[PDB]
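Shown next are two forms of a single protein chain, provided one at a time as structure tokens under the names structure 1 and structure 2.
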Structure 1
């Protein structure tokens, strides 16, 4: 397709000269105005997947942090993704840390960021999502597409749970699933909430508010859940890769105890010191250098949780091979971020194609058959 090619050229051009986050905001603006290309192709019936009763038309979505404020949901989805995770959002609008706060290393295909939860706040983003949902109702290309919402706490918030509860009550109705973000490295002391006790209490408080949305309501589910599933949002937790074996064991038990619907593995890491261009910069690292670390984390949690908790994969997914690696490791679905940064508009159509051809070679009937094979 020409359209993708022209954009890929324009993208590569902008990044040689212009600041990374400025380029991101520009392309979000292009998407907001619906000037981006569409992937109108039928997705392979053999590459569809699910997480419990949540159905994905294809196995690739966009990770949190990309469209933090959900100002670009239609256009990003129509690039060929089955879903997008907007946010992370916080109850109140927030600027984030000092710019510049995002840096790429092209040869390493890695990124580092210290954004610090910049977002327009829950109320504004909720209104954005509501507007998307009304558009989705009238757009052939948006049907069956999933939108999750990543939720977190404001910089100066002491009680994380109060912030999580607030977000759920505001935007929960419009979400297909909720992602509890306790793995950002750019909010001090946030990762401490991965402690078994705090985490368990966090998950239960979250599940409790979601359940309470349904009870206080008088309407049919048809009018209560203004989302894709027409059901209450599933609950996922996103984990950081920077833990020890024991911490991972402890968390796995809490996930089972609380009956969490899924786990996103994983967030950015801080253990990467091998990139010279990043030696003076603060933040969490993404991209190719994070792939092996993320994959191992998947195998471990898949094991610790006795294959009972569905897995959403994040970290260094660029190729169909990279994707199948996550899948054979235990993931049901994949999330992209770094891929779009380096491959551009074509990221979804390309990686879907590559994975389709690879499932055929390896003698898989469908995607679901490949989950957790290695």
Structure 2
């Protein structure tokens, strides 16, 4: 895997795969992740030195993604590794999920990998330093961005959720908006983690509608009450108020999916993230003892079908962010042709490591060539 065919700051430098195979075999998952974050904290991760193809750029409303690959929520929960993760070759990252107060999360061990099936199962429970500290972390990023031209088009979304013991989710969502919203290019509303009791209940149509409208109202009030401030309000990439996405769980029946789509149309959500982890996977022997949501290759078909379903149920009016089992350029094109405008990676970064973005971007470009597309946007929804 000598990178020279396509030194150490190259994401495909041959030692990374060697270290990763060893880590995946012998080293606890959460310790591997700590080591990754530590390398990123000290800016010693490798970095991608390519200009991305202009023919694989994509957008959701005014968000102009330089390429179609971001890192999904839950990878940099605290926003401590934003620059270094982006510089691996990703166009955006969704930090969080954050909650108003910090939490250490559910008890360990709580994360388990299965290399054979390229799957993960987790019961993390929203481990994060809390909205106020993560807001300081994001502000530090936004200040570095302001000075580094190389980062000026990269996007940062923030996933928001509730503390375990909070009764009304809306209170926690509004708290996060008023503290971190002005530094976000978009807000992702997390009503789909399987590891916070009762959170998924908020996918019910009536509750979801009130959640979306409350979040939009709070963002709109943030603007109204602060535009005239001397310091410009939107200290983000877009220089506009954050868009609002909802992240949905794949474990829903067809009637729930249809009622949610009706709500998304009425409330004018800006995007839907399809999807979070699933609790409906049984045939992973090494996970049989274990609690939580499953990610990875065994989630691919489930979530791709879910994209097709919500694209049609929303009559193609709500942009889609794809999450679930994306590893290859083929996987990515299947999500886009199913309806997605943009892809998020998580398991691919765990199992393929530092080369994840370089490799998948290369694979997608070649496929767009072979398939005869002029650009990526032409492929969106072409399955339908």
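The term rigid core refers to the maximal set of C-alpha atoms that superpose within 1.5 Å between the two forms. Positions refer to the first chain, counted from 1.
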(request) Align on the rigid core first; then say whether the Cα of residue 369 has moved by at least 2 Å between the two structures. (result) no
(message) Could you state, for a rigid core superposition, the Cα shift of residue 322 between the two structures in Å?
(response) 0.2
(request) Could the core-superposed CA displacement of residue 40 between the two structures be given in angstrom, to one decimal? (result) 2.0
